[PDB]
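Colleague: what's the 3D shape of this:
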Amino acid sequence: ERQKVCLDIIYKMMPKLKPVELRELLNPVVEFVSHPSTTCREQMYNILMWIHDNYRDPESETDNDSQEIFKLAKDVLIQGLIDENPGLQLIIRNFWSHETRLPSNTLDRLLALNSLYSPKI
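Modeller: Residues are numbered from 1 along each chain as shown. Below you will find the coordinate block:
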């Protein structure tokens, strides 16, 4: 419960931090991939979808953190397709399979599935 409320106070305060702070916060939240208590893990993934969608940086490259944390977020959000809980794994599957995160020509989707290799899976 402490960790779930912590992840809540870090989800609500998150669209105010600057990448310098979000970087130092992103370590012990992505440390939640090996967690029991699927609710805290769903909060982790649920802040990481935000961190992913609002940090894609569509060809800006202005900040090292604003692409390093996107690297780490991508790493842990593709590390969730193998989640040992249906539904939650289904949520991550739907997150990835929606338009504009994996394409749908089945050619560029094929070339894009390589981008989510991430050895860990």
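Colleague: What are the contacting residues of the top helix by length along the chain?
Modeller: Assignment by DSSP state H gives helix 38-53 as the longest helix of the chain. By C-beta atoms under 8 Å, 6 or more residues apart in numbering, the list of residues contacting helix 38-53 from outside reads 3-4, 7-8, 10-11, 14-15, 22, 26, 29-30, 32-33, 35, 69-70, 73-74, 76-77, 80, 83, 85, 88, 91-92, 95. Every residue, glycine included, has its C-beta placed from N, CA and C.
Colleague: Without its sequence neighbours, what residue ends up closest to residue 96?
Modeller: Leaving aside its sequence neighbours, residue 96 sits nearest to residue 102 (C-beta to C-beta, 6 or more residues apart in numbering; 5.9 Å).
Colleague: where along this protein do the helices fall?
Modeller: Listed in chain order, the helices of the chain (DSSP H) span 2-12, 19-30, 38-53, 65-78, 88-97, 108-113.
Colleague: List just the one of the ones you listed that sits closest to residue 59.
Modeller: Residue 59 lies closest, by C-beta to C-beta, to one member of the helices of the chain: helix 65-78, at 10.7 Å.
Colleague: and the closest one, what does it pack onto?
Modeller: Packing contacts for helix 65-78, counted by 3 or more C-beta pairs under 8 Å, 6 or more residues apart in numbering; DSSP states H and E, involve helix 19-30, helix 38-53, helix 88-97.
Colleague: For the first one, C-alpha coordinates in PDB please.
Modeller: These are the backbone C-alpha positions of helix 19-30, laid out as PDB (Å, rounded to 0.1, in the frame of the first residue of the first chain):
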ATOM      1  CA  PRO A  19      13.500  15.700 -17.200                       C
ATOM      2  CA  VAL A  20      16.400  16.100 -14.700                       C
ATOM      3  CA  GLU A  21      14.000  15.100 -11.900                       C
ATOM      4  CA  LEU A  22      12.000  12.600 -13.900                       C
ATOM      5  CA  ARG A  23      15.300  10.800 -14.600                       C
ATOM      6  CA  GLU A  24      16.200  10.400 -10.900                       C
ATOM      7  CA  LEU A  25      12.600   9.300 -10.200                       C
ATOM      8  CA  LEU A  26      12.500   6.700 -13.000                       C
ATOM      9  CA  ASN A  27      15.000   4.400 -11.400                       C
ATOM     10  CA  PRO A  28      13.100   3.000  -8.400                       C
ATOM     11  CA  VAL A  29       9.800   2.900 -10.300                       C
ATOM     12  CA  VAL A  30      11.100   0.800 -13.200                       C
END
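Colleague: No more questions from me, cheers.
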